[PDB]
Every structure is written in C-alpha cells, then in structure tokens.
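Written out below as structure tokens is the structure these notes cover.
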Amino acid sequence: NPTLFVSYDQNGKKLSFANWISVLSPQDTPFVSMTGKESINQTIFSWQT
Amino acid sequence: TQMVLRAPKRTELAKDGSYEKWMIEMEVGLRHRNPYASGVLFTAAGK
C-alpha cells in the first residue's frame with residue numbers, strides 16, 4: 001500500500017546509458033609514415049648491393 | 001447529497017526526519033430526502 005509520495009516518481013524507469021566510448025589505444029605509425037610505399041608484382045623480390 | 005465535512009488537508013510535517021510521506025483524508029456522509037421517494041429492488045430466488 002504505497003502511501004508516502006517520496007521524491008521518486010519516474011514512470012519511464014529507463015537507465016542512463018552514456019553516449020560515448022573512451023577507446024584510448026595508440027594508433028601512431030611514424031616508421032611506416034616515414035618509410036614510403038612502392039608497388040610490386042610478385043611475392044619474392046630481390047635487390048643488389 | 002454528498003455531504004462533506006473536512007476537505008483533504010495535511011498536518012505539520014517536515015521535522016527533518018523520516019518524512020516525505022503524504023496522505024489524503026476525506027470526511028464524507030450520505031443523506032436522503034423523503035425516504036419514501038426512491039426505491040430499492042432486491043433479487044429473489046425462492047419465497
């Protein structure tokens with residue numbers, strides 16, 4: 001027999017989920033950013049010195 | 001007539017305790033004019 005109208009009258013009792021994600025994982029790639037790219041045509045190449 | 005004596009009212013609450021409980025009181029009565037004016041009809045099974 002609820003009688004005391006306490007300061008809680010939420011009919012929409014849904015939760016309070018957040019609206020973001022704290023994905024703090026490094027992604028920097030300086031070595032590859034500096035090296036450079038070049039296309040090839042086979043899986044086994046060679047270079048002379 | 002829906003005779004009314006005391007309208008819903010509250011006492012002195014909020015003594016900084018276990019309060020925040022409310023209530024709805026009502027003092028009401030019934031009255032009929034000329035009893036031999038209206039009528040009641042019961043249900044009958046036998047005699």
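In the structure tokens, chains take the letters A, B, ... in the order shown, each chain's residues start at 1, and ligands count up from 1 in the order shown.
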
Practice task
Hey, list the chain B side of the contact with chain A: 12 Å cut-off, only C-alpha atoms, answer as a PyMOL selection string.
Solution key: chain B and resi 18-25

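As for atom CA of residue B:29 and atom CA of residue B:4, they are spaced 6.5 Å apart.
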
Practice task
Would you list, as a list in words, the residues of chain B that end up in strand (DSSP E or B) under DSSP run on this structure's backbone?
Solution key: residues 3, 4, 5, 6, 27, 28 and 29 of chain B

Exercise for the section: Can you pull out every residue within 12 Å of residue B:27, counting only C-alpha atoms, but drop anything in the same chain fewer than 6 positions away, and send it as a list in words? Expected result: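 With the cut-off at 12 Å, the set is residues 2, 3, 4, 5, 6, 7, 8 and 9 of chain B.
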